[PDB]
Structure formats: C-alpha cells, structure tokens
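A.B. asks: Heads up: the sequence lines are chains C, H, E and I, in that order.
FYI, in the entry's author numbering the residues of the first sequence are 247 to 534, 598 to 651.
Each residue of the second sequence is one higher than the last, beginning at 24 in the entry's author numbering.
FYI, in the entry's author numbering the residues of the third sequence are 16 to 129, 142 to 381.
FYI, in the entry's author numbering the residues of the fourth sequence are 2 to 10, 67 to 88, 107 to 309, 382 to 415.
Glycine included, C-beta positions come from ideal geometry on N, C-alpha and C.
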Amino acid sequence: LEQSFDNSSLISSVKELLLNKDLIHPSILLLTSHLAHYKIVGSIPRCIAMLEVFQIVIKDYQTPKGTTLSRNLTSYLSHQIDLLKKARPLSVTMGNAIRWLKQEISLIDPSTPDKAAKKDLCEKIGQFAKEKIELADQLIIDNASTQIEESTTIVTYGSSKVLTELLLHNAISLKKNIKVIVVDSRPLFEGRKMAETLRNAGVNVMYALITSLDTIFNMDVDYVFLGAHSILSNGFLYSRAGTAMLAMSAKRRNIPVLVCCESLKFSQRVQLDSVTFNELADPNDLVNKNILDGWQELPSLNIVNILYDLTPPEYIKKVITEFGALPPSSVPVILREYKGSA
Amino acid sequence: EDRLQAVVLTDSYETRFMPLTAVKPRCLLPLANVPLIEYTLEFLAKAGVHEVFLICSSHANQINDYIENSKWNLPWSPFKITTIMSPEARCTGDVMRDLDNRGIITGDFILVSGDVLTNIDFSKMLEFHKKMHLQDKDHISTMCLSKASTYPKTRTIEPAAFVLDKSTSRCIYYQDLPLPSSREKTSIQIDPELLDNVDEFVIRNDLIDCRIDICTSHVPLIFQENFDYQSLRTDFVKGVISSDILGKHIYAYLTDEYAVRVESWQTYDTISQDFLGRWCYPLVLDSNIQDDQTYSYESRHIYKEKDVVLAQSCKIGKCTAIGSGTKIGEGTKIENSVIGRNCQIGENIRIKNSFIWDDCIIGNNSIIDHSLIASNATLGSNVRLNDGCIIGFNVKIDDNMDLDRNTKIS
Amino acid sequence: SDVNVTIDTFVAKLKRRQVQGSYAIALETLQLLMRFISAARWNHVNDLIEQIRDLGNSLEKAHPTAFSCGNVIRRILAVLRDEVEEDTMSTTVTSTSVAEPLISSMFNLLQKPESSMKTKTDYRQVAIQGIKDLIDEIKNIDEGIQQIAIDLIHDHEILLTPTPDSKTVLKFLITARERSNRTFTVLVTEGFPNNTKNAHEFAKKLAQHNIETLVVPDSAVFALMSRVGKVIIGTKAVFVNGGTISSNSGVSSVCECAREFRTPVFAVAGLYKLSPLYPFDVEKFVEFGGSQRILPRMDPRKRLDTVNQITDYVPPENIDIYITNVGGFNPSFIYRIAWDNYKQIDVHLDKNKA
Amino acid sequence: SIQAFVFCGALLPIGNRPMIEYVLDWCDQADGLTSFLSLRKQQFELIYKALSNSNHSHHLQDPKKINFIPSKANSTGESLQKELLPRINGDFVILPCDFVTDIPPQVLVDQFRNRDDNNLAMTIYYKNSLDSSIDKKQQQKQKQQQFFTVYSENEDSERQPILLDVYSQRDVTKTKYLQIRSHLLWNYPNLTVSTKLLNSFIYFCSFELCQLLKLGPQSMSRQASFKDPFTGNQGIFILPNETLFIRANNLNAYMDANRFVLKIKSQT
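1. Taking 8 Å as the CB-CB cut-off, is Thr177 of chain H touching chain E?
2. If we count Cβ pairs, one from each stretch, closer than 8 Å, do we get three or more for the segment 278–292 of chain I versus the segment 204–219 of chain I?
3. Less than 8 Å between the C-beta atoms of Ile372 of chain H and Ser360 of chain H, yes or no?
4. Give a yes or no on whether the minimum CB-CB distance between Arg323 of chain H and chain C is below 8 Å.
5. Residues in its own chain within less than 7 Å of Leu333 of chain H by CB, not counting five upstream and five downstream?
6. Tell me where the alpha helix (DSSP H) around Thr198 of chain I begins and ends.
7. Between the C-alpha atoms of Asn253 of chain C and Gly218 of chain E, what's the straight-line distance to the nearest angstrom?
8. Quick one: grab the DSSP three-state call for residue 543 of chain C.
9. Quick check: the segment 161–172 of chain H against the segment 237–250 of chain H, are at least 3 beta-carbon pairs closer than 8 Å?
10. Using a cut-off of 7 Å between C-beta atoms, extract the partners of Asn335 of chain E located in chain H.
11. Can you tell me whether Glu436 of chain C is buried or exposed, with buried defined as 16 or more other CB within 10 angstroms of its CB?
12. Go through its chain and collect everything with a Cβ distance to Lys139 of chain I's Cβ below 8 Å, but skip five positions before and after it.
13. Confirm, please, whether the CB-CB distance from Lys627 of chain C to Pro636 of chain C is below 8 Å.
14. Answer yes or no: does any C-beta atom of chain H fall closer than 8 Å to that of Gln181 of chain I?
15. Mind reading off the beta-carbon distance from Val186 of chain H to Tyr196 of chain H? Whole number of angstroms is fine, and I expect it under 8 Å.
16. Would you list the one or two residues that DSSP bridges to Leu168 of chain H?
17. Under 8 Å Cβ-Cβ, which residues of chain I neighbour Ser279 of chain C?
18. Excluding the 5 residues flanking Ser509 of chain C on each side, which residues of the same chain have their C-beta closer than 7 Å to its C-beta?
19. Do we get a CB-CB distance below 8 Å when we pair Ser2 of chain I with the residues of chain C?
20. Taking the C-alpha atoms as reference points, what is the distance between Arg324 of chain E and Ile462 of chain C?
21. Could you pull the start and end residues of the alpha helix (DSSP H) that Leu472 of chain C belongs to?
22. Which partner residues does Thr351 of chain E have in the DSSP bridge list?
23. Please classify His156 of chain H as buried or exposed, where buried requires at least 16 neighbouring CB atoms within 10 angstroms.
24. Specify whether the segment 207–215 of chain E and the segment 511–525 of chain C touch according to this definition: at least 3 beta carbon pairs, one from each stretch, less than 8 Å apart.
25. So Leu200 of chain H contacts chain I; which residues on that side make the cut at Cβ distance below 7 Å?
26. Short of 9 Å Cβ to Cβ, which residues in the segment 440–466 of chain C face chain H?
27. Taking C-beta pairs closer than 9 Å, name the residues in chain I that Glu223 of chain H reaches, listed in chain order.
28. Determine the burial state of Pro191 of chain E: buried for a count of at least 16 other Cβ atoms within 10 Å of its Cβ, exposed for fewer.
29. Please determine, among H:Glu216, H:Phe145, H:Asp199, the residue with the shortest C-alpha to C-alpha distance to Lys251 of chain I.
30. Taking only the alpha-carbon atoms, compute the straight-line gap between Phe223 of chain I and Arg486 of chain C and give it to the nearest angstrom.
31. Apart from the five residues just before and just after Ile52 of chain E, which ones in its own chain have a Cβ nearer than 6 Å to its Cβ?
32. For the segment 261–274 of chain C, list every residue whose C-beta sits within 7 Å of some C-beta in chain I, in sequence order.
33. Name the chain I residues whose beta carbon is nearer than 8 Å to that of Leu276 of chain C?
34. Note down, in chain order, each residue of its chain lying with its Cβ closer than 7 Å to the Cβ of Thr309 of chain C, except the 5 sequence neighbours on either side.
35. Starting from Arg320 of chain E, find everything on chain C with Cβ-Cβ shorter than 9 Å and list it in chain order.
36. Quick check on this structure: which residue in E:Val20, E:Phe199, E:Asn61 has the alpha carbon closest to the alpha carbon of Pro98 of chain H?
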C-alpha cells in the first residue's frame, strides 16, 4: 500500500463482451485470442500480424448506402482496435502504423468505385511493410555484420525480433565463427524459440536463465545485443522485463552493449521511471496441486508481473537503426528528420 | 520392507562390443574416466541394500580383484558382496533359474540387467510397488522406466512399444517395434480378449528401457517351471500377460526424469555427454567418490583433475573432461570429448566428439573426429579419423594412417 | 572401531545431500564429533589436534563447499589451542600469567630464540562442554540478531529480500512485526527455479502475519528497485573478505543492482556461519545445479547447452553490515571476529604442512 | 463463415418437442451460436416446421434446401461430395439427426476459435455417461475406437488430442483381433484408446472442400476415414483434431432414447 503500484490502473482484467452493432470481423477476434491467452509475439511480429488481418478486413468493405468509404472505415476499423485494447494495449509499432493508416482513410475522395479501393490501398500498405520493415531490416544486416568479428560471442535477451535474422546471416550466410548466449525468464520463455531456431540453424548456442547471469559474464564474453519495444525521447529503452539487469552488469563489466532497433520503433513520448507507464498481464501465470494458490481471497498477498521496463541510456553504448549507428543520447533528432519526414 | 536383496548381472552384450571386450567385460569399461560397475553399486547403495549377487559368465577372474581393490570388500559398505562364476553364453533368466535352483533369494529383490545410469529415487518407486501389494495379491512387479519425450527412434538398438492401463498402469502387452529406418514391417497386434477390465488404456513408445525391475521371490518360481523363457521382456513379460497364466498382474512405472541403460556405443555416445553435462542431476562428476578423484568444476562443463599440464594457446571448448597425468600441447583443440588419465597429447590435434581412454600418446597433426580410443593405443603423425573408429586396446599406429567410417580395427 | 563406521556413514551423509542448509549440518557434524571425543586416547595434547585435523581433511576434501561443518572443527580446535598455552605458562614459574589476549601477530614469528598442576584429562571434558556450549549458542542466535536489527531498521519503508530460503529472517520478521509493532511490506522474488519452491512458501507464512507482502518475479526486480531503499540478504556462509557465500540463486546481481542505486544492503549471519578461509577462486565455491529443471525437453539431436547455478557470491563492496549475534560489523572487520575464533595453523587444514 | 448442416436417416418424439427439431434453435440459442444456414431433407416437414415456425418476433431467418438421395438411399460420405460445391461459403459444421445436449455450443465454438494449428477438422465428442447398471439388454456393443484420448502434455504438438483411426466391434476384433499399423503409430507414439467413446457426430469442419480433390480421400464413406490412412511417406500430410470433456451433457445413438428422456432428461 505504501507504493500502491497495485493501484496503478494501467490495465484491468475485463472481458465478456456481446455487442453486435458493429459487424465484428471474426478473424480479428482470433488475433486477440492468439495474444491474450498465450502471448506469441514480439513487437514487429505484432506489426506484421496487425497488418495481416488489416489486408483481409479491408477486403470485406461492406460500405453502407448513405456513407462515403472515407466516413465509415475511420469508425469501422477503429472500433475493432478496442477489441485489441481489451486484450493488450498498443505499442508504437502498433501506433505509428495506424495513424499513418488513418491518413490514408482521409486522403481519399468520393471517386472510388470500390474496385479501385483494393490496389490503391493494398500495394501501398504492402509497400509500407516492404519498406518500413523488410528492407529496413536489410540495412540492419550489413551494418551489424561489419561491427562483428569472427570467433566472438553474442549475448541476447528474450526472443529477438530482428537480430535473429542478423545471427542467421553471420553464422550461415557469412559462416564466420560465433557463439550465442540466449537468456530469457520466467514466465514468458520466448527465448527458447530462438534457442530452437539457431541450433536448428546449427550454431553454438548456450541457453541461460537470468538468475544464473553472473557466470556467463565470468567467461569470455562481449557484444551484448538487445531486442527492443520502444525508445524514449531521452534515450531510455522501453523493452521486455529483465533487460536492464544485464544492461547494467555488462556495462559495469566494461564490455559494450548495443540495441538492435529501427526508426519505426521511436516515439515522441518521454519518461524516466520504470514503474510509471507499463502493463500487467494476468497474475495467475507465476504459479506453474500447485505450491500456492489464492493470491485472491487471502489476506496480504499479491502477484505482480512486470512486462516492460526502462533502461538508462548510459548503459547503452551504441544504438543501431536502419539508417546507421548513433549514440543513445542522439535519439530524438531523427524524430524531426525522418519519422514523418522520410 | 527390510532386507533389501538384489541381483546384479553383467555379460549379456558381448555381442554388441566385439572389437573391444576381448580382455575386459562391458561393465568394466570407463564411461567418464571410471567404469560403470560402481555407477550401479552406488545407486543401489542409495537403495539401502544388504547383499548383492554378481553374475560373471565370462572374464570372472578380473572382477573380484577389482572388488578387492574397491571399498566394497571393506566392512562399512552398505552390502556384503558375493559373486557367482559361470561358463560362457549363459543367457538371462537361465542365470535366474539355476540361482533359483540354489534358492538363496528371499522375498523382494532387485533385478538390474544391462548396465544402468539414472537419477531416480528409491523411495517413490517402492511404495508404488507396495501400493500394488495393497491393490493386488496376484501382483508380479513394477518396472520403472523414463520418458524419452522429444526423441523417438533414437533409442538405438531396439525400439520398445508398451501398452498399459490409465489408472492402474498395468502393462497390457509388449510387442517389439521394428527398425524405424525400415519402412516395411508396419503392423502391431494386441489380442483384445485380455482387454476386459481396463477399457481406457495407454499405448506408448517412449518408455526407454533400463531393465530396472524389483519383484517378489514368488515370480521366479513361476519363472522356474516355465523353463522355455530365455529373455526378460522379449518373451516372458508377453507370456505372463498373454492369457496363458490366469490372473497375474505386472505393473510398470514411469518417471519424469533421467534413467537410461547402455545398449551400443551410440548409447555410450549420448549419455556420456549427458553425464558430462548437468543432465545427470544430482549424480554429478565432481562428487569424486569412486577412485576418490580430484575433479574441480569450471563453467562450460570443464572437468579437470589436478596434475593437469595445460599448455599455452590451446582452446578448451565446451563439454570436456580431463584426468591427471595428462599434457596437452600447443595449437591443439579440445572440444566436446572426455580425455583419459595419464595420457599424452602432441601438437596441433583437434580432438572432437571422441572418447580417448588412458595411457594414449597422439602424434602431431593427427586430428580425431567421432573416433574413441581405448587404453594403451598410441598413434603416429598425420593419423586422420572419421565416424565410428572404435580402435581397441594397445594398438600401435604408424604415421600417415587415414581410416574410413566404422573402422573397428584392433 | 564403532566410531570409525559412524564417521563413514557421516562421510556418506555428506556426499549425496543427505542434509542441506547451513543450520542442520553443523548440529549433526558436532553430535557425531562427540563420539570421536569420547573414544580417543591421544596420550599427548599435540596428538589430539592431530586426531581432529586429519578428520577435517577426511571431511573437507570429502566435500569442500559445505562450511557449517567445516568451521566447527577449526573452532573446537581453537578452544583447545587456547588451553595448550594455558597449561604451558602455568606449568612454568617466572611469567605464569600476562593474560592480555592479543600479542602483535607481525612480531610473534619474528623473535624466535630457538590445583591444576597438569590435569591432562581436562582437555576431553572442556571439549565435552565445548560440544555443548557451541550447540546452545546456535539454538538462540536470533536474540542477538533481533536486539540490533530493529534498532537498525525503522517503521515505514518497503523492503526486499532475494533469499526466501533463510529460516533466520523467516523467524525474525515474525517478531519484527510482533514485538516491535512496525508496519511495512516486503517484496519477495524467487530463486528461479530452485528457491521458488520456498519463495511461494515464504510470503504465505508472512501473509499469515500479514506484512503487506507481494511476490515479484526475478525479471521485475530492477523496475521496482527505485522504490525500495533497503534490502536484506539471508546468506549461507561468510569468508574473511566480507564476501559472503550466499544462498542458492539469483541473489548476487540484485545485490549488485541494489548497490548501484546507493541503497544499503543488509545481511544476517550467525557467529557459527563465519569461516576463516579466503575466497581464492570465486568459481571453486560457486556450485552449479542441473540441466533438468531449467529446461525439461532433453534434446539429443538439436542438443543445445544450458547453465544452472545454486551458489551466488558477492564482493564486500556490495554489502554494508553484518547483523550478527554479537553486533553489526563492517565488511572489512570480519577478520578480527574470525581471528578471535580461529588460529593461523589449522586454516591450512592439511597433513602436508608444505 | 460458420455454416450448419443436418443429416437424417418409435419415431414419435417423447420429450414434448419434435426429434428433428432438437438441433434447430438449440444450435442457435444466443449471440455467437449463429451459423449461416441449416439444411435438411423432407421427412414430412409439415408437422415439424409449422410448430417450429411458431412464436415469431425473433428474426428467424431460416433457408433450408432439400435433397432426397443422401437420406439412407446413399452413403453420406461419397454423396455429400457433390452436395457441397453450391453449398460452400466458409467453414462447415455438420449436425447429426437427433442430437441433444445440456451445455450449449457457445463454449464449443470457443473450441473452434483458437485453432491456429492449421487444422482441417476437430471433433468434439464424449464417452458414455453414467449408465444404469449391468443392463437387462444384450452384451456391450463396444465401438473400439483408435485414437489419442488425453491432452498432449507437450508444447506446440497435438495441443488438442487426435483421432487416429476408426473401427468398432465385428470388423477387426472379430476378423484380425485389434491389429494396428506400426507406421501410423510413429507420429505421436504415446497413444490412449477407450471403449465407451460415443461418436457424437458433431465434426467442426473447414476449407478441405478446396483440398479434398486429390484421390484417396474421395472414396470415403462414413465421413471419418481420412486419417484412417496415414497419408504420408514410405512427409506427413494435414492433421485432424479431437476434443472431449468431463460431465453434464447428453446425446443419443441407440433405441435407448426412449429411456434417455424418461429419467435423465427431465425439464423444470
């Protein structure tokens, strides 16, 4: 009660809707079903999957009689976003795409016979993720590869989002020697997906848990690379929980730390505290007859499960985007030069 | 309850290890710088036993002198130790009936066939067996086995398929699964007349065989007059359940963690690395019990004793184990392999996935891959190897000898 | 003899973890030690320390990383190593008693020239009470803990421990709520995946005594570290640097993350949890665990590698105080308590005095 | 999207509502349970439909196409293949002739939701319920079913359990005495089978009308023999699914429906 972070109302556990005024897309319920019951995403996997259902749901237009297609879809698509907000609040990978999409709703005129409404939207929103994601990730590949020598180590955290493809390129598409250290944490064992993949790729993978983190650093170790969820306007890395403890330690143990990221994952907002702006996710998950049951109904017990947390930018040495590399204090200068400009 | 008898039998897999085994039994062979007699013996020292009964159908003279040099002939061991000599080719079960004709064994007792290695407790196995006593008087035994979950078809020699009960876990029938690389003999058969009082029953494959069964003394007397059974599970667990004897209930048991038994070198390939890793928790290598070793643990699974001369610029990779009396040289590479005690390593040799035993001298520029070397077998210069070289004991190798796959030379 | 087999089954008791924890092994190594005391015929007082120094080398070489057994044998030697010099100068006439406990230890090796009259049997019975007074100290170490820590801690601050497997603070925070009626909370993380057995057991019994408690995951402990300004760590053993041998898992990096926020870091330790040895290698005392409960799939064909760890070590710069039965102490003062309990000979506890 | 379809093949309905009608508004009870349309044969519909189209203020949008030939005049496996090319809209749900239940299909279409395992058909079933006693009928006509009973305790793999083959009494147990190909055993080799498993005929379905066109599944009568061949290599082809539950529902198969409505299904 003294910190009262349990009464930080960033999320509730509300469910069970029945309303049928909107024609709810059945497949967008599947997307929310695939998130909230068991999380299967990073952030750019959402930015793919949020786009996967959007190409389908615009194809079923269902434009009514006395309404322009500019007038209904700004309500029709945005009503379906609140289904996701019941499941999981948005990211900036969510956020920067959808406001760009709401521009495209507004910049059309009453001239389209709804047959032309596909290809002016379809390839355009396809060339979004073709440019802003795919070949944006291509420029990640050449930039990080020249900053990695052979016969070294990489320490990652959680499931990566883009540097999985980077580790595939340096182990197979360039065949230089490399050892991989993947560490994830209870409850979301998403780093095991990388641990399956890179040894299916056939490379030296050492799996790890965050409680045993010191003895990884007591060996020959360097080049700590990180996934990301958003970068603050200061330089704080808003990312998956438990990122900063290796980010403080490897910076304390004088070997450099980088964050693989992109310009789409920037943001205008700013903060400097970990427990201010976050999300909780269903406190039943940290249980597994069990050992304990009854965080409810029992006096003086609670289960927290932090999803996102900030890292100080002094821990990060170099921030790499698709345009290049940059020091972490110099993050917000792209916000005036490329994001909404490029 | 009390008086935990047992019976230990080696000497059934002399067919399996024929390039070796001419001078010493399979059970005498070193897994990780130390043999696998005492892996079982310390495991039934965990059982809290009072006596054992060895079977040595071959190489009988070089068994007890090793026990004379063990701690087990010295009076603080959990059991007194007894041996039984025998002539050759005395198969399983016929070792029992002649012992049953002797008839020392009273009550409950421990079958360990093959050579096993595990981490399972003795406790939860046994009241489960006593739960069978409290549920049945026509009971037979409880066969504890593990669950090779992510890997079917890599239990190398024989694939074993089991059908058992949901509730009581009574093993319904056994039929040996064929070779999985052989896509031809695609049929199993289970006669449903004996499927009366189960009606919800589990048919599995991944129960990896370890032959660790405990049973009462009545069922060898049942096994006595049925003298036409020659194996443990290939014939007898079928015929005791295929309606010939009426109302006899054998159970199995499944555990969620490690228990295994050596079948071939491919089993010797896998579980050596599993024991060298932390997959054998808690029975770990730095315990140093048997020849009261001096192994100190380091990260990435390094098992170094003392008196280890590590040269400059020789990288030691993951999953290695080094005894005393050893000297590596400059420019060599040590990775994912055990190293015998008291040996010599030359210059620029890449040992990789190969189990070199004691007293071995390797000539320079002679890399070794998937090729274990037995005792006293030195090498020469430019001796290149490949998969399956199971070269044997005291084998002099001259220079420049490259070999082919499955070189079972001696 | 009959005592020579009870040590062998005690040697067997220390191989395959037949006892765990820093508490119960010290009581059971000492009750078993009295059997060796009652059946010994030393015939000379320097033979009796030879009777026990090989026994420790039959024990410490048998299992190194247990220390609650390992520090008793030196301390119970030290109460007799004291009394060799007691009967030495009292036998003489000129300088029978000076009785100042400290001579300058630098100069003592650097000056070398070359009623109870004897009562040779008393070294037995003074060790028989030496059996008894050690255990009776261990039974109530918590009163010297609780005398100074409620002095040290205050009322309205949120807290955190990374060691739920500490029966000290399990017992201490009962009476830290009960007698002193201070209200607060404790954050509690898990020793994943090992003390999470007891971590769920820890806050539940504290939920019975309802100290506003809540369980945090191991990854979240940085994100709430800005709120909390005090951490306590229930350690397992402690060496001469003030670097302590802690409990199972997860506690070292969060002790590092606490130190980075300029947060005071507390520890509790009994006087018998002291150890006169030095941490030469950190990795010769950091014991690991198993690949079983850190991933259960056991792939033989993909077959990656993974690391467990069931011992964490911290430097003394990351620690601040030692709440003990005899007071709170500096991380660097630890020698003076230890060398008031141990001697320079049996710290190299080995028959080869090379 | 979801589409309904009802099969058909004393006849007097006992429980104060017609036998044929018991799947009509029951599969569309609330919002959620709405399929696209349902289909049915004639079955002298005038007694059935005139009471079924009573009490109307509820937007009872009921189209129903009628055939006569897949109505015990032909095997409903092969005859249905031509009866789907105008009938296809999206996902499929079939219905048996006279199905009854207690727990509504709102939670059963929830089982159809989270099916990202690229499935083609999941089959929600149940075993026999608590029967009366050792009955005063004939012997236990047990449909020995060849499948995987309990949930998979392995991640990512058969996360709903699998029906593998399908047989019964009198076909294998009286000719070849429960023989199984060990080849089809090799995929998920830790199986469990039962005897009282009542084939509930519910059979959630999908877009395999786009993908039944290869030869080998086209000769299927009885609408279950598609994983009865392993359909692989001598890799594996597409996958079925199966689901069941614990308690508190109903069905009917035999002539015991005269006594199912007597003491089990009382309504107050």
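C.D. replies: Once the coordinates are examined:
1. yes
2. no
3. no
4. yes
5. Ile351
6. No alpha helix (DSSP H) holds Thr198 of chain I; the beta strand (DSSP E) holding it covers 196–199.
7. 26 Å
8. Since the model of chain C passes from 534 to 598 in one step, residue 543 of chain C is not part of what is shown.
9. yes
10. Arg301
11. buried
12. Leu112, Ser113, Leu114, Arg115
13. yes
14. no
15. 5 Å
16. H:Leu277
17. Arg188, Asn189
18. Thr630, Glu631, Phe632, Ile643, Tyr647, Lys648
19. yes
20. 22 Å
21. Here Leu472 of chain C belongs to no alpha helix (DSSP H); instead the beta strand (DSSP E) covers 470–472.
22. E:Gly354
23. exposed
24. no
25. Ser257
26. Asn450, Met452, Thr461, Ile462, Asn464, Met465
27. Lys202, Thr224, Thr267, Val268, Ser269, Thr270, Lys271
28. buried
29. H:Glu216
30. 38 Å
31. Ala154
32. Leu264, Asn266, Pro272
33. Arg188, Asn189, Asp191
34. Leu315, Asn318, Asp360
35. The premise fails here: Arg320 of chain E is roughly 10 Å from chain C at the closest Cβ pair, so nothing lies under 9 Å.
36. E:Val20
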